[PDB]
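Protein chains: 2
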Amino acid sequence: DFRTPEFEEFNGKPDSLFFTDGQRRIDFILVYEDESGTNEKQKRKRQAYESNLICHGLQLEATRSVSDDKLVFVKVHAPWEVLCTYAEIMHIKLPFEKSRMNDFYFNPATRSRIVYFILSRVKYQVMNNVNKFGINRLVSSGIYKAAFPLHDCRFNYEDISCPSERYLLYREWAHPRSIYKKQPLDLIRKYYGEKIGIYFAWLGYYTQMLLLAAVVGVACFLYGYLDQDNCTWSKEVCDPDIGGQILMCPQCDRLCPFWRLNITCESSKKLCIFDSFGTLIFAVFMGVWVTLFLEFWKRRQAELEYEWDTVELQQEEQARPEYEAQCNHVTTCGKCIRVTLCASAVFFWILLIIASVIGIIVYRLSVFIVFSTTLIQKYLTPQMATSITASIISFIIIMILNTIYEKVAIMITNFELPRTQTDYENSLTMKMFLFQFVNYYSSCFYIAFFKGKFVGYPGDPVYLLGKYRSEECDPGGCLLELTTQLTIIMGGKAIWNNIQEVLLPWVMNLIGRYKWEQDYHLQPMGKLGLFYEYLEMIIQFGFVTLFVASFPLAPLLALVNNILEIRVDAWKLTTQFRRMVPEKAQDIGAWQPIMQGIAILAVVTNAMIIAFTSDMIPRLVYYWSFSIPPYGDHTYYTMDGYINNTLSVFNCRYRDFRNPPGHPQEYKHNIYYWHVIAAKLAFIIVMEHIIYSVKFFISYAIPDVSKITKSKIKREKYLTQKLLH
Amino acid sequence: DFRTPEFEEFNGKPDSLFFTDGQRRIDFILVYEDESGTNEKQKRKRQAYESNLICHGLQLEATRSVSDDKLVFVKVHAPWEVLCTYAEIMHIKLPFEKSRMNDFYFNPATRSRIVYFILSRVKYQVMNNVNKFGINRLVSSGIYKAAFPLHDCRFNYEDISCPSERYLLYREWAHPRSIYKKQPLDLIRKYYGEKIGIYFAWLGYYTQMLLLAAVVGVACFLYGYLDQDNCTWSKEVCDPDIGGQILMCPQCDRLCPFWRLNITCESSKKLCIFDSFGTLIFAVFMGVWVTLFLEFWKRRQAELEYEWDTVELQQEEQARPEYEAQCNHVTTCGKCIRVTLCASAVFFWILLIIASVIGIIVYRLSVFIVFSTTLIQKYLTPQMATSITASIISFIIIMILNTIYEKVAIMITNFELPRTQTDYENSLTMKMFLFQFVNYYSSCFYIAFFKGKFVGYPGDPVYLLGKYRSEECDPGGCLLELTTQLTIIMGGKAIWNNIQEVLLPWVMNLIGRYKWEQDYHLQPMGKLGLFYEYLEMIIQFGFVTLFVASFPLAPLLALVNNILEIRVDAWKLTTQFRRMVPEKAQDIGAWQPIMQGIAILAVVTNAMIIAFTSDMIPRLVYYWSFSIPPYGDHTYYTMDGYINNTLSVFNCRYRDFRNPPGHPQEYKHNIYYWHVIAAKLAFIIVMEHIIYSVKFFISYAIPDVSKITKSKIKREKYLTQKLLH
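Chains A and B, in that order, are what the protein sequence lines are.
Using this note's numbering, count along the first sequence one by one with no gaps and you end on 1500.
Using this note's numbering, count along the second sequence one by one with no gaps and you end on 1500.
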C-alpha cells in the first residue's frame, strides 16, 4: 500500500533540481539494483520500506541507471509542511536576527538534515527492526548501496538559475584558483555542515595563531644566527691554539679511539644557533603562546556558537549499529570484565612501541661502529651522520608502525563495544591518539631525557640489557640528535601526507588533459569524517608545542604545512568526496581536552628540554659563578676558558662533572655538579610557576565573551522585549 | 484610588496565619509610623504606593502596634491566581517528580519569594522612581522601617493546626537539643532559602570531609609520638656524653652569650613529633585530600542542584541602589580612571599589613634580649618563650587589624561603584579576602620562608633596615615558631569567634531564668547574608590546607570548631535573626574560585614547608649519602653522629653549612650545602608533579555525575516521554 511510482525518468540534463515537474527541491538520492531467493527477500525488504516513507509523505522518482549493474536510483523531496512538521521537532532558525521554530519567511542544507532525521526515525516493524540507520546497515549489508544528498553541480564548470554555492568555493576557496586568499568561512557552514565548518574555523584560527608563533621563530633563530663570534662556547674547541687536544674517552671500548674536539666545530657551530639565549626567550613565549592559543580560541568559541546556531539540546538519542539482547530491565558484570581486558589489550600494544624505540637505539650504537671506520665534502662526523640514520630510518619505522596501527585500531574498537554513535569515535580518539603520542614523541623523549645521562665511575654506566653496553652522549648536551630528528619526523610526515597526497591527484590532473546523476561516483566519506584530519593536526600541534625549546623553526614548518593543508583537503572535500549530511556539531569535543592536555604538558617539558638537555645551564652557572676567585681565576664574569676547565679527568677527560683523581673523594660528584643541578632544578620551578601563573592571569583578565558577543546576545535580548509584549 | 483598609485589627493570638478571616496565608509584614511637613511628604509617598499593590491586587490589613513609637503594621497576602500569575513569570516547580510552571496540585517559602518579586518590580512613577528596592532605600531612608516575611512561631515553644517547621529545627537542628545528630538538610532549604541551604550543605560536606582529614591527623601525630627513642636526631644533643658542648655563635653581638645545645632538648623533643616521617605521609595526603575535597563536593554539586531546582536563567536583571545619570545611550572614561585609583587605594592598604609584620619581627628581636636575661618549672627557654609572645601578642594585632579593616571595607566598596546587586558582594569577596589572606598567613609566610635564611660570612648577614641587625634562626629548622604560631592564630580565632559568640548569649540564656506580631524585634540580617560566615570558614580552610605540612592536628582543631560552628550560627539563624526572603542561589559562586585558588596554592606551599623549613631534607641527605666512606666514616646508612659533623665552624660553630676555616675556599658554601639544596629543590619538583598528576588523574577518572543523578536525570527523561505523547 502507498508505494512509489517505481519508474519515472526524463533526465534531459544533469543540472536538474526537480525530478521532472519543476519547482521541486531534491533532498536525498538512494540506489539499489533489483534487476535479477536472497534478492527476492531483499526486494520485499526494500519494497515494503517505501510505504513507511509515503505514510509520512514524500515524493519518490525512480530514475534508472543507463550503464552498469548498479541500477535504478531513487530521488526524494520533502513538501513544505512535511519540511515544517519536523522543523518543530528539531529547533531550527529561519530568517539580521533569527528565531526558534517560527520565523518571518530556503536552503538545501537545512533541508537535507531534517529529512535525514525524517529518514533515521523510521521502522521495519519486525522485531523493532531496522531504521534508516539500520538501512545504513542494509547499505552496508543489503539491497541499498548509497544514500546521500545530491551535490550541487560539476566541480569544474558552473541550468543557469541555480545558485552556484559550489562554484564560489572552487573559485574562492579551492586549490587551483585563490590559494593565498582569506576564508569564506560562513559559506562553508551554509553548504557543507557544521563540524566541517568548525574544522576550518579551527584551522583558520590555527594558521593565524601559528603566524604569530613563526615571526618570533625567526626573531629567535636569526638572533642565534647573526652572532658570528658565538662569544666563547664553541669557539675555543677549535681555536688555533689547538684546544681540541683534550683526548676524550672513547665509547664501547672495542674500536672507538681516544678522539678529539677537532671533530665538534662542524656541529657546535650549528649548536650556538639553537640554544644560546633566544630559546629562553622563545620557549617562554611558546608557553605564553599556547596559553594565548586556547583562550583566544575559546573567544573564537561562543561566537561561531552564537553567529551560527550550534544548539545543544536536540533530540539525538542513540543509534548503536551493534547487536545486543536485553532481559535485565536495568552480562553487564561480564561486560565490565570484558571492558578491563579489552582496554588492557591495547595497554599491551602501546608497550611494543616503547619497546620498539629500544630497537632503534640498539641499532644506533651498533651502526655507529662501522660509521666510525670509513673516514670532507660534507663534514658529516661519526656522530651526526649516525644521527641522521638514527632519524630517517626510524621515521620509516614510525610510518610503518603507524599505518599498521590504523587497521588494528578499527578492528578492535568495534570489538571494544562500539555503542552510542558518537561515543564510538569518542572512544577512538583516546585510543588512537595515545598510540600516536608514543609513536611520535617517545623517540624524542629518549633523546631529550633518557639519552645523555647515567654514565659511570670509570665511565662504567649501568649496563642495560644485562651486560650490554650503555649509551653515551656528546659534550654539547646531545641536543642536535633531538633537533635533527625533530625536523625529520615533522618535516617527513609533512611530505608523506601532502606530497604523497597532493601530487597523487596532481598527476591525475595532468594525465586527464595531456597524454546524469553521476555524483554517486565520488568517494563516500567514512563515518569517521574529520577524525584523521583532526589527528593530523593534533600531532602537528604536538611538535610545535612539546619540543620547541629546541628548533624554533617548527612554526615555520607548520605554517607551510597548514596553508597548504587547509587547501588540499578542502579541495578533496569538494572535488573528491561525496556530499555528506550537514550534521550540526558543538565544539571539537573529543580533541578539546587533548589540546588542553597538551598545553599543560608542554609547559612541563619545555622547561625540561631547556634545563635537562640544552647545555646552557652549565654555561650560565660557569659564566656567573665560576669565573670569580672562588673556583676561578678571572677578574669578572666570563667564559674565557670553560671547556678545558669543566670536564672530568680519568687516570683521559670525559663529559660529566665528577671529581678528578687525586681528590679525597675522587671520581665523585663534585661541588660544581650539584651546583648546576640546583640551578637546573631551580629553573624548572620558576619557569613552571610563572607560566602557570600567566596561564591563570591571562585567563582571568581577558574574558571569553570579549567585546561584541556580550553585546550582540544582549542586543538580541534588547529586541525580544520589543517582540514579547 | 484603590487603597488599603488602613486600619484592621483583631489579634487574639500571636499564632495567627490569617489577618482576621481565616484560610488566608500571610506573606510579608511591613511597618511605618505616621502618627504625627517631611512626615506629610513621606506619608503621601507611602499612601500613593499602596495603590500600586492593589492595582496588581493584594490584601492589606493594617494592624496597629500597642506599645511604642514604631506604629501600625501592614500585612499582605497574595491570592491564588495572583500567586499563579507570577508563577509563570518565574519558573517554579510544584508537586516524586516536579515540572515547570504547571503541575499536578502549598509552601510559604515559594509563596514569600514570588511576592517579593511581585514587590520588587513596582513603580513610584515620578522620574522612573523607586521600586520596592527603592522602598528598601526608603526602608533605609523614608517612612517604612522593616519589610520581611512573617516567621512561623516562637522559637522555644510550639494555634495547634500549624505546621511546626521551626519547631523541628529547634528539636532536631538547633543547639540545646540534638547537637551530635545528623543533618535535616532538605528541610533547611524548604523553610529558609537556598543560599542558606547551600551553606549548611557545604558545611555538612566540610565536616565529614575534615573527619577523614583528622583520623590521619592522629595517625600521623601518634606515629611521631609513639617513638620514645627518636632514633638519632634530638637525642645526641643532650646525651650524657655532654654533646651540647658545641658553643654556638650568639646573636646581635651585644648581650647574647656563646650558648649551648643543653637548651634545645625541651624543644627538640617536641620537634621529632612534628617533622619525623609522618608529615611526609601527611602532607602528601593533604594535597590528595584537598583534591578529593573539591571533586567530591563537585559531586555534591549537581545533585542538590538536581534534587532542588536551583534554576539559572531566571529574570533577575539589576537593582543598583546607587544613583547615576545617563546621557551616553551606549563619565565612563573618568569612571575607568576612577576604577584604577580606587582599586589601587586598597593596594596601598594591603602593603600596611606586610609592613605590619615587619613591625612584629622587629619586636621579636628586641624583646628577646630582655628575655635572655632573667634566667625551670616550665622549661621555657629564651627562644620558645620569645616564640609564644611573638604569637599571642601578634594574634591580638591580627585581631585588631582585622576588625578595623571591616569598617573601612564597606566604607570603600560603596565608594568603589557598588553596582549590580550581586556584583557588589562579588567585588567585596575579592577585596576583603585578600586582606585576610595577608592578615593571617603573612606572619606565617615570614616564619616559613623569609625567617631562617640569609646569614653571612662571619655570620654577617644582609642588614635589613639599613644597618639594623638581621634575623637569626635555630638549629632544628625554626619550625616550632611556625607551629606554635599556627595553633595560636587558628586556636585563638576559634575562641574569639565562638566562646566570645556562643557564651555571649549563653549568659543571656541563664540570666533570663535565674537572677502579637513581636517577630520584628529580632535582628535584621544584613544584605551581606552569609558573607562573614563564609569568610570565617575559608580562612579556616586556609590553615588546614596551606600550612599542614607542620601541625597535623589542624583538622582536629577544625573539627571541634565546625561541629560547634555548624550549630552556633544555625541557632542564631533561628533564635536571633529575622526571617529573610528565601532567595534562590547557585553554587557558592564568589568563593568557588577561592577554594580552587587555595588548593592549587596549597600543593606549592606544602612542599615548601617540608623542604625549605622542616629540617629533614638535611637529615635524609646525611642519612643516605654522608654516612658512607665518601664524606663519612660509618659502615652503612645511619645518623650516628650528625649534629657535631654538620654544623659550620668559625675562628665557634653556627647553623649553616659553609666551609670550615682552613679550607682553600673557606666560609663558602660547601659540597654538602649544595647537595641538600639539590635534594631540597628536587623534592619540590616530584611532589608537585605527582600531586598535580593525581589532581588530574582523580578528576579524570571518577565523574561528576557519579552514579545516581546520571540515572535520576535520565529516569526523569524516561517519564517525560511517557508524558509528551
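The C-beta atom is built at its ideal place from N, Cα and C for all residues, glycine as well.
- Setting aside the 5 residues that flank it on each side, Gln1026 (chain B) is surrounded in the same chain by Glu1247, each with a C-beta closer than 6 Å to its C-beta; the list follows chain order.
- Residue-level contact by beta carbon fails for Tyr1243 (chain A) and chain B, as no gap is shorter than 8 Å.
- The beta carbons of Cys1117 (chain A) and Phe1033 (chain A) sit no closer together than 8 Å.
- Here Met1159 (chain A) carries a helix assignment [DSSP, helix/strand/coil].
- Around the C-beta of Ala1476 (chain B), fewer than 16 other C-beta atoms lie within 10 Å, and the residue is accordingly described as exposed.
- Around the beta carbon of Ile1048 (chain B), a 10 Å sphere encloses 16 or more other beta carbons of the protein chains shown; the residue is thus reported as buried.
- Bridge partners of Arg1428 (chain A) according to DSSP: A:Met1023.
- DSSP, read as helix, strand or coil, puts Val1063 (chain B) in helix.
- Exclusion of the five residues before and after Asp776 (chain B) leaves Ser826 as the residues of its chain whose Cβ lies within less than 8 Å of its Cβ.
- Within chain A, the residues whose beta carbon sits less than 7 Å from that of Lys1443 (chain B) are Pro1405, listed in sequence order.
- Judged by DSSP secondary structure, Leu805 (chain A) falls within the beta strand (DSSP E) whose first and last residues are 803-806.
- Leaving aside the five residues that flank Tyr1309 (chain A) on each side, the residues in its chain whose CB is nearer than 6 Å to its CB run, in chain order, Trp1366.
- When the Cα atoms are used, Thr1388 (chain B) and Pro1327 (chain A) turn out to be separated by approximately 40 Å.
- Chain A places no beta carbon closer than 8 Å to that of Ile1385 (chain B), leaving this residue out of the contacts.
- For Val1012 (chain A), the closest C-alpha among the options A:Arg1075, A:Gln1093, A:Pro1250, A:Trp1072 is that of A:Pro1250.
- Under the DSSP assignment, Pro1250 (chain B) falls outside any alpha helix (DSSP H); it carries neither an H nor an E label.
- Taken through DSSP and simplified to helix, strand or coil, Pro1393 (chain A) comes out as helix.
- Under a 10 Å Cβ-count criterion, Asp843 (chain A) is classified as exposed, with fewer than 16 other Cβ atoms of the shown protein chains found around its own Cβ.
- In the assembly as shown, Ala837 (chain A) is a buried residue. Its beta-carbon has 16 or more other beta-carbons within 10 Å.
- Excluding residues up to 5 positions away in sequence, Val806, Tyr807, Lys845, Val914 lie with their Cβ nearer than 7 Å to the Cβ of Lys920 (chain A) in the same chain.
- Under the three-state reduction of DSSP output, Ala922 (chain B) falls in the strand class.
- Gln798 (chain A) is not bridged by DSSP to any residue.
- One thing to note: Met1414 (chain A) has its Cβ no nearer than 8 Å to the Cβ of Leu1332 (chain A).
- At least one beta carbon of chain A lies nearer than 8 Å to the beta carbon of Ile1452 (chain B).
- Just measuring C-alpha positions, the residue of B:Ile1373, B:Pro1299, B:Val1142, B:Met1174 sitting nearest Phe1068 (chain B) is B:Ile1373.
- Any Cβ of chain A closer than 8 Å to the Cβ of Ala1365 (chain B) would place that residue at the interface, and such an atom is absent.
- Comparing alpha carbon positions, the residue from B:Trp1271, B:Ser1042, B:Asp790 closest to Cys937 (chain B) is B:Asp790.
- Take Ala1454 (chain B), set aside five residues on each side of it, and the residues of its chain with a beta-carbon closer than 6 Å to its own are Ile1392, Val1396, in chain order.
- If you look at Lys873 (chain A), you'll find it isn't in any alpha helix (DSSP H); DSSP assigns it neither H nor E.
- The three-state secondary structure of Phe1123 (chain A), taken from DSSP, is coil.
- When secondary structure is reduced to three states using DSSP, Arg1433 (chain B) falls in the strand class.
- Among the residues of the region 1370-1381 of chain A, those with a Cβ less than 9 Å away from any Cβ of chain B are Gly1372, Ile1375, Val1379, in the order of the chain.
- The residue among B:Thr1320, B:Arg1354, B:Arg1244 with its C-alpha nearest the C-alpha of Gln1293 (chain B) is B:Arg1354.
- When the beta-carbon positions are compared, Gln1260 (chain A) and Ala1165 (chain A) come within less than 8 Å of each other.
- At a cut-off of 8 Å between beta carbons, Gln1196 (chain B) makes no contact with chain A.
- If you look at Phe1318 (chain A), you'll find it isn't in any beta strand (DSSP E); it sits in the alpha helix (DSSP H) that goes 1306-1320.
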